[PDB]
Protein chains: 2
Amino acid sequence: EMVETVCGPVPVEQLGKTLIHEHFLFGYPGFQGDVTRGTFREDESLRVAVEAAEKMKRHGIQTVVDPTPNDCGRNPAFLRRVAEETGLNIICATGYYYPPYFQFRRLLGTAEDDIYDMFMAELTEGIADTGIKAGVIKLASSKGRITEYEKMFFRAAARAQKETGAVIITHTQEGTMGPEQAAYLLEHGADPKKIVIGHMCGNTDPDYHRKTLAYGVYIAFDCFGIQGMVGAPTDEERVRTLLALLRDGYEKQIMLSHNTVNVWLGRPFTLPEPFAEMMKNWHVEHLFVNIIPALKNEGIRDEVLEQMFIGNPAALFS
Amino acid sequence: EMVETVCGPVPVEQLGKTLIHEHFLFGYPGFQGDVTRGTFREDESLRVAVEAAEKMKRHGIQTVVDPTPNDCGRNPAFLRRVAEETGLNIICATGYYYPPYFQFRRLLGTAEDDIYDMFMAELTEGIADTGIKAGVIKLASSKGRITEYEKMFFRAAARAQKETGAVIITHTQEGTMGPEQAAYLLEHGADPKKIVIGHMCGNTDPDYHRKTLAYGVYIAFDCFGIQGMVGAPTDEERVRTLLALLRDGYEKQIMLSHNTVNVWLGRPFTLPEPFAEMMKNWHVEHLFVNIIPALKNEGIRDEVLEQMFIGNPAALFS
Ligand SMILES: CCCC(=O)N[C@H]1CCOC1=O
Ligand SMILES: CCCC(=O)N[C@H]1CCOC1=O
Ligand SMILES: [Fe+3]
Ligand SMILES: [Fe+3]
Ligand SMILES: [O-]
Ligand SMILES: [O-]
Ligand SMILES: [Zn+2]
Ligand SMILES: [Zn+2]
């Protein structure tokens with residue numbers, strides 16, 4: 001029926017056309033240490049975010065999932081300000097990026113319990129004093145493995161999902177562990193229809209994807225526009241991969257996004273022109289402007305795309 | 001002549017009796033993600049900190065070095081409030097606890113430069129907008145090695161020390177790398193008389209210490225009261241070790257402290273009773289009330305102790 005957004009509960013029927021994975025703000029853990037050179041300018045950042053939101057509304061986006069983790073600068077009140085200004089629905093996450101705070105607590109024996117308690121509080125009571133609840137649980141695993149640290153979060157996540165029916169969204173590292181993540185969450189009682197395995201576009205072998213899809217989870221091709229960095233494949237390889245699965249009838253299990261960071265937290269930087277040109281398409285219109293057109297030209301039907309941006313999010317949250 | 005404190009520049013002659021290593025606030029990196037259950041209560045925390053400061057003043061402490069790293073909740077304005085209330089001098093640090101924020105920047109090729117630039121700005125311009133400058137650079141290495149990540153900070157630190165004459169204070173992990181740290185900083189032009197190698201009390205082999213002292217650096221026995229946790233020796237083993245070096249004439253190179261955390265950031269916790277009893281003496285009076293008395297009884301002279309708490313800090317900062 002309902003999903004919690006940064007502006008409170010909203011009917012799932014009303015979510016409409018949705019990007020499953022975008023960041024208004026994001027910083028890599030440790031950004032907070034770099035405050036003297038990386039101080040947060042709220043009014044300018046709000047301007048950039050409101051601009052990004054409007055752009056999305058231009059292409060009929062009514063809802064955005066912003067899964068920024070707790071230790072990556074998640075800022076619910078700021079997201080609420082963006083939503084209040086634009087009418088955009090924004091759903092935020094509870095979760096951590098892929099030690100030693102939770103490692104210390106593991107020494108105390110309470111760590112996995114504390115993580116569960118955190119998920120429950122943020123899903124059912126509210127984030128800090130913002131009075132905002134998260135709508136998704138955010139998980140991430142490492143390249144080629146789900147570490148013992150990460151598994152605590154996975155187990156906590158599963159446990160929390162059973163109580164709340166919250167959606168789980170995942171991050172996979174460099175195209176690994178898709179099936180392992182799905183299998184492990186299912187072992188601990190999670191519901192596949194409530195799970196999105198993210199960053200699947202980081203692997204070009206459609207066999208890998210089918211292995212993941214066999215579990216009945218959603219997968220996200222959510223890194224469109226990211227090329228030539230962090231061992232990423234090109235958008236063409238993504239399209240090629242995506243086409244294979246669409247033709248094989250998997251549309252009810254696939255969702256698309258860019259994983260943009262519209263305001264970087266911490267110290268400003270400039271990608272060097274080696275990297276810069278390859279990333280030039282990493283913005284929130286790129287799906288609408290460049291990717292979807294190519295898909296049409298390869299005979300993907302509007303009924304199919306609507307399953308991805310409208311039907312799938314709707315089913316996911318219902 | 002002068003050292004920067006949280007209340008601005010102060011003549012070194014006026015620093016007086018000094019604890020080289022205590023924390024008013026501290027949290028392990030990642031504490032900020034646990035905001036919903038670990039929210040910071042400023043007025044209560046300020047009360048506890050002011051209490052801790054008064055305790056120290058009772059035993060003639062005029063100056064405290066608080067080397068809380070940037071990503072561990074370092075809060076200069078808060079420290080300034082404690083100092084303004086108590087007349088205590090508090091010197092704070094610039095530095096990081098022992099990825100991926102600075103790992104990402106290493107991908108950009110600017111990381112070590114950015115770190116240096118951060119040290120320079122915080123030593124010579126100010127921390128954020130607080131108008132407070134750090135008085136020490138804070139470094140830490142891992143158990144049994146100084147990683148390539150950590151070396152960036154070491155090289156940045158050395159470089160900064162040459163420009164500013166700032167003091168470097170270090171953390172060693174479980175009694176390793178003392179001599180390596182000293183040797184590496186010296187290779188890059190750091191001045192041994194401006195370096196304190198911390199957590200030396202984590203190793204009980206006085207040969208290890210002498211190896212470190214041969215470089216002409218200060219060493220800190222700064223974990224008094226910490227027992228039965230993370231490879232910590234007992235205070236008795238510390239005393240035994242300390243006595244060997246005092247009798248061998250190293251007093252001009254040794255300093256003492258407790259490495260207290262008076263307000264933990266993040267989620268409150270309680271130590272289990274197995275751990276809790278061993279740690280019962282971990283407070284800022286313990287040196288004064290239990291350790292120094294034992295040293296007197298083993299015939300350590302007041303002239304010697306004064307070299308440690310007064311002469312050494314004074315020489316260190318001058
Ligand atoms: C420039 C490299 C790509 C990148 O940083 N993507 C961001 C999006 C949010 O989480 C990520 O790591
Ligand atoms: C309870 C274990 C001991 C402990 O927490 N020491 C703290 C002091 C400050 O930096 C440390 O890591
Ligand atoms: Fe992301
Ligand atoms: Fe410390
Ligand atoms: O991401
Ligand atoms: O410490
Ligand atoms: Zn991700
Ligand atoms: Zn330390």
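Numbered from 1 within each chain, the chains take letters A, B, ... in sequence-line order. Side chains are part of it too, since the values below use all heavy atoms of this structure and drop only hydrogens, waters and symmetry mates.
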Is the terminal nitrogen or CZ of B/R105 (NZ for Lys, CZ for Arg) located under 6.0 angstrom from the six-membered ring centre of B/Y101 and within 45° of that ring's axis? yes

Compute both the distance and the angle, then confirm whether B/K138 meets the cation-pi test with B/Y96: under 6.0 Å from the six-membered ring centre, within 45 degrees of the axis. no

Could you tell me whether a side-chain N or O of B/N70 sits under 3.5 Å from a main-chain N or O of A/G33, the two making a donor and an acceptor? yes

Centroid separation under 6.0 Å, is that true for the rings of B/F104 and A/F269? yes

Could you check whether atom [atom1] of [X] has more than 12 heavy atoms from other residues, nucleotides or ligands sitting under 6.0 Å from it?
{"X": "A/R145", "atom1": "CZ", "value": "no"}
{"X": "B/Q103", "atom1": "CD", "value": "yes"}
{"X": "A/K143", "atom1": "NZ", "value": "no"}

Taking B/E180 first and then B/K211, would you say they form a salt bridge - that is, a charged N and a carboxylate O separated by under 4.0 Å? no

Is the shortest distance from a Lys or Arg side-chain nitrogen in B/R240 or B/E298 to a carboxylate oxygen in the other one below 4.0 Å? no

Do [X] and [Y] come within less than 4.5 Å of each other through their side chains, counting heavy atoms only?
{"X": "B/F309", "Y": "B/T18", "result": "no"}
{"X": "B/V64", "Y": "B/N89", "result": "no"}
{"X": "B/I219", "Y": "B/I254", "result": "yes"}

Which pairs pass salt bridge (charged side-chain N to carboxylate O under 4.0 Å, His left out) with one or both residues in residues 16-34 of chain B, sequence neighbours excluded? B/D34-B/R267

Identify, with sequence neighbours excluded, every residue that meets salt bridge (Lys or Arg N to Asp or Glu O under 4.0 Å) alongside B/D113. B/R159

Test A/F31 against A/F26 for ring pair (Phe, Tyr, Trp, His ring centres under 6.0 Å), laying out the working first. CA-CA 9 Å; A/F31 75 91; A/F26 177 92; 8.3 Å; no

Any chance you could lay out the salt bridge (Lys or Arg N to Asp or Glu O under 4.0 Å) test for B/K162 and B/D191, step after step, and finish with the verdict? CA-CA 8 Å; B/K162 285 144 80 196; B/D191 175 37; over 6 Å; no

Using ring pair (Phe, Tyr, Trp, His ring centres under 6.0 Å), reason through B/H199 and B/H21 one step at a time and then give a plain yes or no. CA-CA 10 Å; B/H199 298 7; B/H21 197 131; 5.3 Å; yes

